[PDB]
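A single chain, nothing else alongside it, follows as structure tokens in the form deposited in one PDB entry.
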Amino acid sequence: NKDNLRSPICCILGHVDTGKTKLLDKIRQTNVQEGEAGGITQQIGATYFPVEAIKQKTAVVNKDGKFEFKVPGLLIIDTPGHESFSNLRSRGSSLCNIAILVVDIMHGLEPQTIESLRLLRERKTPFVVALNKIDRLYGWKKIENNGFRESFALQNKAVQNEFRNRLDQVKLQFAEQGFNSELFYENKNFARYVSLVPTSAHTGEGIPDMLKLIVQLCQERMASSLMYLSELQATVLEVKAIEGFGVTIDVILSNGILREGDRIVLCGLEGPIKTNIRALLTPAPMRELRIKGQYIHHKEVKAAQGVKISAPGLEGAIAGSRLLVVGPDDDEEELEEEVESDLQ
């Protein structure tokens, strides 16, 4: 039932500078990419999108309202594309239920695209491809934040032909890597063929189509049990000292529910850590966990979400550690053993 709905996790993967973060900024209406050193992402990011927002941002490709939204929302995990962060792509990939693979339409598949495809294939993750930077097609005429088809229909013949040529090349490339793919509105087998959705992070065109498609992936490809909450599952992303809270952990809550005051167990350098949540915090909706802000204090947070936890004794917490909650009925040492076993 609806009071037990789970917000799924989507990872965005792709080669360096293909526009992962720029796409998320266009959706959030933020400017994270401009603040990044080097213009590159160097850590895992997480942003929560309430379904009310996704409905608004897909309205132009859902004008009558026939599309049925079932998810309460979606957590999207941003990852680096730079060669040196494979550990982070592997982590993000292992957390997600679905994914967006970003491909620069002007370049096609590149080395970390291929790395990413290996990850998606290994976990059999449902994904869609954002064929990004369509505004670089020579003579592209934009309508800001339009659906791709509406905009494509208005282009001159030369632009349409250049588009089709590049799409055909990118399809042949996916085929060579063992994936069949179709332009999204030509895909007759959403269950087995990858949908390609042309986008521009600069003009916003196609982003409504991409958001609709990732909801569809959650609702029509992700295992249906993952639409509802079950046993708590959570992963430590980072251990960071924060002004006025001391040593905190950033955590991806993958399943279940966290509560203020909860007593939690996780791996530490010198052994398991057992402590109490003094503050259970999130960013504002549609704002990055990897960005400093005023944080929202919660008594309760439901999965999936990226959270920050303040608790004594977090020094020595180990990034990548699983995290568990000691409930009214629990035996602790068992839990310690299984997180310690999963760490190794």
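Start at 1 with the first residue shown and count on from there. Think of the rigid core as the biggest set of C-alphas that the two forms share within 1.5 Å after superposition.
Below, we refer to the form deposited in another entry, which is not included among the displayed structures.
Visitor: Fix the rigid core, compare C-alpha positions between this form and the one not shown, and report which of 113, 151, 93, 195 shifts by 2 Å or more.
Guide: Looking at each option in turn, only one qualifies, and it is 93.
Visitor: Would the C-alpha of residue 308 be classed as shifted by 2 Å or more between this form and the one not shown after rigid-core alignment?
Guide: Shift of 2 Å or more: yes.
Visitor: Residue 186: with the rigid core matched between this form and the one not shown, does its Cα shift 2 Å or more?
Guide: After core superposition, the C-alpha of residue 186 moves less than 2 Å between this form and the one not shown.
Visitor: Would you say whether residue 208 is displaced between this form and the one not shown, judging by a C-alpha shift of 2 Å or more on the superposed rigid core?
Guide: No, because once the rigid core is superposed, the C-alpha of residue 208 moves less than 2 Å between this form and the one not shown.
Visitor: What direction does the residue 319-residue 120 Cα distance move in that other deposited form compared with the shown chain, closer or farther, given a change of 3 Å or more?
Guide: Relative to the shown form, the pair is closer.
Visitor: Shorter or longer C-alpha distance for residue 120 and residue 82 in that other deposited form, given it differs from this form by 3 Å or more?
Guide: Closer together, which means the C-alphas of residue 120 and residue 82 are at least 3 Å nearer in that other deposited form.
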